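Following: one structure in structure tokens, then a few remarks.
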Number of protein chains: 6
Amino acid sequence: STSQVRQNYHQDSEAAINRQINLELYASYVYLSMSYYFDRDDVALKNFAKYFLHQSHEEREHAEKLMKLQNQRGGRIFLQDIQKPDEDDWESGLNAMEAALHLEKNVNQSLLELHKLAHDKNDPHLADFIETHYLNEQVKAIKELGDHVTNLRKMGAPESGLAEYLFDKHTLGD
Amino acid sequence: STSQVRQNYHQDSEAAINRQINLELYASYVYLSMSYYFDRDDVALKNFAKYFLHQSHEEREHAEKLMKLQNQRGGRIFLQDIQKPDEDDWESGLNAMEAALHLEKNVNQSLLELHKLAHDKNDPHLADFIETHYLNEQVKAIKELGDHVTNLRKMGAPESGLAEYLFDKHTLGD
Amino acid sequence: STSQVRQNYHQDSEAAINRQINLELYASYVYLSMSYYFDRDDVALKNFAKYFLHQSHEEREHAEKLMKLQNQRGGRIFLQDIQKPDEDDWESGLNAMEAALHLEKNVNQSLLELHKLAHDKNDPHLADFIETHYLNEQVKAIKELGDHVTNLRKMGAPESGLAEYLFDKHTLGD
Amino acid sequence: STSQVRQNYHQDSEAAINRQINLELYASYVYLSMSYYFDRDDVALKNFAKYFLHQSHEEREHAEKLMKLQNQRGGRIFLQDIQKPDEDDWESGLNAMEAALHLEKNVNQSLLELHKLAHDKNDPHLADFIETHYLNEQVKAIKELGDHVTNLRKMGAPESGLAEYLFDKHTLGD
Amino acid sequence: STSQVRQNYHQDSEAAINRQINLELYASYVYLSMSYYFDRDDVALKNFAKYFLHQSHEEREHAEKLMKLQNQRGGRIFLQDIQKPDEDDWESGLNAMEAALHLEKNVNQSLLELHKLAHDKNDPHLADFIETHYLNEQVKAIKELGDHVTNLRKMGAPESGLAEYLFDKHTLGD
Amino acid sequence: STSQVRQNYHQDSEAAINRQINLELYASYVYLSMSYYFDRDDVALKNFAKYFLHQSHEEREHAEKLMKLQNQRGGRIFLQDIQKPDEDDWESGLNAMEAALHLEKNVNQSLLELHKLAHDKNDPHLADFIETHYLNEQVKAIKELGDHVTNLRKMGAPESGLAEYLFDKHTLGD
Ligand SMILES: O=C(NO)c1ccc(C(=O)NO)o1
Ligand code: NA
Ligand code: NA
Ligand SMILES: [Zn+2]
Ligand SMILES: [Zn+2]
Ligand SMILES: [Zn+2]
Ligand SMILES: [Zn+2]
Ligand SMILES: [Zn+2]
Ligand SMILES: [Zn+2]
Ligand SMILES: [Zn+2]
Ligand SMILES: [Zn+2]
Ligand SMILES: [Zn+2]
Ligand SMILES: [Zn+2]
Ligand SMILES: [Zn+2]
Ligand SMILES: [Zn+2]
Ligand SMILES: [Zn+2]
Ligand SMILES: [Zn+2]
Ligand SMILES: [Zn+2]
Ligand SMILES: [Zn+2]
Ligand SMILES: [Zn+2]
């Protein structure tokens with residue numbers, strides 16, 4: 001069918017959207033994994049644990065937002081498997097942060113491509129949606145992972161464990 | 001003359017804005033008419049009446065801030081007569097819901113054509129204007145009207161006058 | 001047909017009422033034009049603009065009120081084209097006020113004939129309706145415009161731009 | 001490495017918990033899809049949608065509390081892919097209710113086998129865990145889903161389009 | 001070294017951003033000069049004075065938000081000397097308002113050029129940055145300075161001492 | 001011309017004030033530069049940044065009060081180019097503190113010489129103005145910079161990344 005509400009809504013755009021949803025749920029899955037990793041009795045950095053748990057809940061917010069744009073435009077949601085992440089053990093506070101930064105650069109890439117598509121297919125509505133709710137969020141996050149990584153490294157992580165423990169106290173703990 | 005504030009504002013943009021002004025005022029007249037049709041002693045659905053008197057007042061807001069925009073950029077407002085609606089009797093609640101859907105998807109086509117003009121003339125201010133204050137509002141508008149229609153249909157409207165009475169109570173009365 | 005509520009309601013009154021509705025929308029439209037005219041970067045008298053905009057929203061109430069009385073008496077609303085105002089460029093504050101006084105004297109005329117018709121068709125309900133909700137409002141609005149004209153002319157307008165700028169500050173801006 | 005906190009926690013229990021974690025995440029995914037299904041403009045039952053969006057967030061909670069449990073006991077979390085749901089179109093609100101029921105009765109069955117496992121490994125902490133935080137919860141949840149289905153049926157669902165609309169109003173909307 | 005956070009950030013964009021910073025710091029300097037001009041014992045227009053000083057601090061905000069952006073995107077800040085303003089003596093309130101109009105149109109074109117660049121390099125994050133934090137802020141400033149220049153002109157300035165005094169009180173003084 | 005307020009205000013003092021104005025504008029630029037350096041994703045010390053950004057704005061205040069003073073005494077302001085800081089990269093937090101220190105003694109130096117000028121020209125208003133608003137402010141700034149440098153060196157700056165991270169937390173974040 002074609003929904004009564006659909007208008008200037010191209011099907012690459014619609015299919016690009018069902019792709020992002022999955023990517024956002026993917027990242028939500030990664031951050032859950034990082035979170036409970038730093039909750040391990042042998043790692044025990046509670047603020048690393050809550051930092052990523054919060055990112056896990058936000059990625060969820062991202063996907064649900066897109067699931068809403070879809071129906072709003074008259075596209076139809078098709079869901080897919082969520083890949084388990086690439087690790088079971090994230091090694092270190094620094095390394096987990098670097099993986100986070102890598103993950104978000106990559107989600108950012110897809111958002112930019114999704115913007116290009118929306119622009120190329122002359123969807124001003126879809127494109128302002130990406131710029132308003134996603135683009136600058138991803139710059140902020142990526143700037144923030146960058147800063148953390150810079151600070152964990154300058155402090156002598158992940159060699160110095162003292163380093164990671166003070167960072168969990170003094171940066172991720174308000 | 002050429003206004004002292006004019007900058008990057010193409011006379012084709014100026015004349016498109018004036019067109020949109022008239023179309024918004026037109027919208028408002030349609031809803032005004034729909035509203036006072038449901039206030040007739042033989043239609044007597046008050047929440048339908050309120051729901052359109054509101055959109056009537058909303059569309060008037062839409063025109064008024066196009067008028068501001070026009071002067072903001074140093075163009076010049078020319079008003080044209082306001083066409084009376086297509087109908088005097090709007091038949092039923094479902095139907096008026098189907099009519100407004102049609103109307104808003106139409107006004108939305110105009111906004112997407114105003115915006116593409118803006119893009120092509122390299123007017124980012126005007127394109128952003130359209131994006132923030134109109135596109136998204138139209139997609140929320142289109143999406144809602146669709147929802148009401150689907151519900152009226154599934155309830156058994158327009159035949160069932162029970163359904164329309166109940167939809168007025170449980171859906172448009174808060 | 002004939003509405004189950006109609007009573008001592010003559011169809012000339014009904015057609016007289018549809019006419020006034022249009023006329024009120026007309027004035028509503030004239031006052032909008034005046035308003036955004038003084039919002040022009042090359043006119044720029046904010047309080048002239050806010051004054052006429054407020055008159056715009058009141059005429060809209062003036063007309064919705066009449067559309068209410070129509071359905072109330074079981075008459076039936078037929079709308080009509082809203083003719084664009086007789087100017088796009090209202091020249092000055094003095095001249096805008098003078099046009100406005102002309103406009104309302106003319107609308108006052110139409111109401112008085114409507115009262116005459118209501119009286120002549122022995123409709124004391126329609127007659128009290130015009131006495132209560134319109135007649136003294138039209139005397140107040142005519143007197144107010146006259147005083148503004150008197151003051152703007154006594155301040156040496158419209159050749160003294162100083163004149164009109166002080167009037168906008170000291171009379172229309174509280 | 002064997003965790004410094006592990007005590008009377010059998011590696012069969014550990015692997016049984018990780019299994020439940022995945023099942024709970026999976027249910028969360030099912031409710032998610034059920035939810036934004038009723039957000040489509042052709043379904044348009046907003047309280048069905050709210051009701052399922054909530055259970056999705058609850059099933060998430062279910063998983064998170066299991067991941068805390070694993071680490072509390074000295075086990076090690078291993079996530080796995082999240083299987084997308086069986087349907088992309090859940091047909092009707094009655095049906096989704098019937099599917100949800102089936103789903104919940106399925107997860108209840110897994111926790112009773114986890115419970116029997118715990119008991120047989122003489123793991124009373126893990127049995128008391130399942131007793132307090134899951135068993136009565138699923139039992140309340142199964143009973144409510146039975147109630148809603150029984151009611152949707154008794155009102156004439158899913159054929160009576162009015163029925164589902166009203167259940168969404170009168171039962172799922174407070 | 002490429003900054004760790006960089007992504008879709010063009011070296012033209014970065015250098016153009018560095019130019020806009022200088023241009024904003026140059027704006028703030030001009031408005032500073034204008035403000036203490038009116039503070040002179042032989043000009044003595046405190047509201048002109050306070051008007052431009054507020055505008056001076058605004059421009060400094062415009063620059064600092066550009067700088068933060070450079071860092072967010074991984075760009076690199078390079079400052080250059082701040083050109084002293086063109087005049088030491090700004091003649092009068094009218095001429096000062098005119099010169100601000102010229103200044104802000106010049107800033108506005110540089111920013112439209114910066115947006116164009118951003119679009120030419122497929123940097124939607126940058127373009128929507130310029131869109132939402134600068135473009136309509138420049139239109140507002142340009143409209144307001146338009147109105148001010150107009151109202152000063154119609155009053156009789158710069159020939160009428162009275163006019164620049166009363167505009168100081170009744171417009172620049174709230 | 002000679003100003004109508006001018007009294008016991010020497011041309012050299014008028015000259016030395018104008019130059020002092022420029023030097024405070026310079027100090028504000030330096031501090032602004034140091035601030036956004038510490039905002040870089042590869043330096044990432046938020047409280048060094050806040051510290052220097054607060055300096056930056058205070059120095060602006062220093063200059064505006066000189067501009068105010070100049071007009072009070074009947075002198076005439078002449079603004080010069082504001083030269084860009086010596087550095088684009090400030091290396092480290094300790095080296096930035098040390099360069100702040102060097103700058104503030106240089107500013108102290110010129111302020112003391114401006115005081116000697118005022119004494120020499122028997123200008124006690126000018127002398128007390130300098131004493132009252134700048135002299136102890138300069139001593140306080142230099143004492144605080146001295147202490148910071150001292151602490152940063154004892155902690156092992158600049159070699160110690162940890163030292164600069166802990167100083168940012170425990171001294172500059174309150
Ligand atoms: O044979 C049994 N069930 O069929 C059995 C043996 C021991 C238990 C028990 O309850 N342990 O706590 O149950
Ligand atoms: Na935009
Ligand atoms: Na009477
Ligand atoms: Zn995301
Ligand atoms: Zn993210
Ligand atoms: Zn500490
Ligand atoms: Zn509209
Ligand atoms: Zn609309
Ligand atoms: Zn384009
Ligand atoms: Zn009911
Ligand atoms: Zn009227
Ligand atoms: Zn009137
Ligand atoms: Zn006055
Ligand atoms: Zn569960
Ligand atoms: Zn459940
Ligand atoms: Zn600016
Ligand atoms: Zn500006
Ligand atoms: Zn200073
Ligand atoms: Zn200083
Ligand atoms: Zn002495």
Side-chain angles (χ1 to χ4, degrees), chain C residues 45 47 151-152 154-157 160-174, chain D residues 16-32 34-35 51-69 82-83 85 99-115 129-145, chain E residues 47 151-152 154-157 160-174, chain F residues 8 112-128 130-131:
Chain C
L45 290 169
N47 285 316
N151 276 113
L152 281 179
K154 229 127 179 93
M155 304 171 70
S160 177
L162 191 56
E164 288 204 337
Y165 166 91
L166 302 175
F167 191 89
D168 161 285
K169 296 291 168 183
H170 292 113
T171 290
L172 300 167
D174 338 320
Chain D
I17 290 308
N18 285 292
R19 244 192 314 284
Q20 190 68 25
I21 292 167
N22 186 87
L23 176 59
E24 292 283 356
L25 285 193
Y26 169 77
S28 169
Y29 206 178
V30 168
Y31 281 120
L32 187 43
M34 281 189 186
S35 181
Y51 172 85
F52 286 126
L53 187 54
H54 170 61
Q55 312 303 337
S56 166
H57 292 138
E58 303 242 271
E59 297 290 352
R60 174 94 181 178
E61 217 284 282
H62 295 160
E64 259 159 62
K65 185 189 277 144
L66 279 147
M67 306 177 57
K68 183 191 169 78
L69 192 283
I82 310 197
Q83 278 318 312
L101 177 44
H102 184 262
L103 181 53
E104 284 295 331
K105 288 182 59 87
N106 259 20
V107 184
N108 196 24
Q109 187 61 43
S110 181
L111 301 146
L112 301 142
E113 304 161 355
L114 218 161
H115 188 289
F129 186 92
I130 302 292
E131 279 150 33
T132 66
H133 302 108
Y134 294 79
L135 295 174
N136 191 62
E137 221 69 46
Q138 295 281 145
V139 168
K140 294 144 67 177
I142 287 143
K143 168 80 168 56
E144 155 164 294
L145 286 171
Chain E
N47 292 308
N151 273 281
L152 283 165
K154 294 196 58 93
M155 287 168 77
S160 152
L162 212 51
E164 284 214 347
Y165 172 96
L166 293 160
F167 182 92
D168 178 273
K169 305 295 166 309
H170 293 98
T171 283
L172 295 195
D174 276 72
Chain F
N8 190 35
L112 295 173
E113 276 153 37
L114 214 166
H115 189 270
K116 207 166 74 171
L117 177 53
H119 197 316
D120 266 355
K121 302 304 178 166
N122 300 108
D123 191 336
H125 179 264
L126 182 46
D128 194 67
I130 299 295
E131 302 172 4

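Order of listing sets the numbers, starting from 1, for every ligand and every atom in it. Letters A, B, ... mirror the listed sequences (proteins, then strands); counts begin at 1.
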Give the name of the N/O/S atom in D:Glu59 that lies closest to the Zn ion (ligand 14).
OE1
Three-point angle D:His62:ND1, the Zn ion (ligand 14), D:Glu24:OE2, rounded to the nearest 10°
120°
Within a 6.0 Å radius of atom [atom1] on [X], are there more than 12 heavy atoms belonging to other residues, nucleotides or ligands?
| X | atom1 | value |
| --- | --- | --- |
| F:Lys116 | NZ | no |
| D:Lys105 | NZ | no |
| D:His102 | NE2 | no |

Within the stated cut-off of 2.8 Å, is an N/O/S atom of D:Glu137 closer than that to the Zn ion (ligand 14)?
no
Applying salt bridge (charged side-chain N to carboxylate O under 4.0 Å, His left out), run through D:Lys140 and D:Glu137 and close with a yes or a no.
CA-CA 5 Å; D:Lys140 294 144 67 177; D:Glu137 221 69 46; 2.8 Å; yes
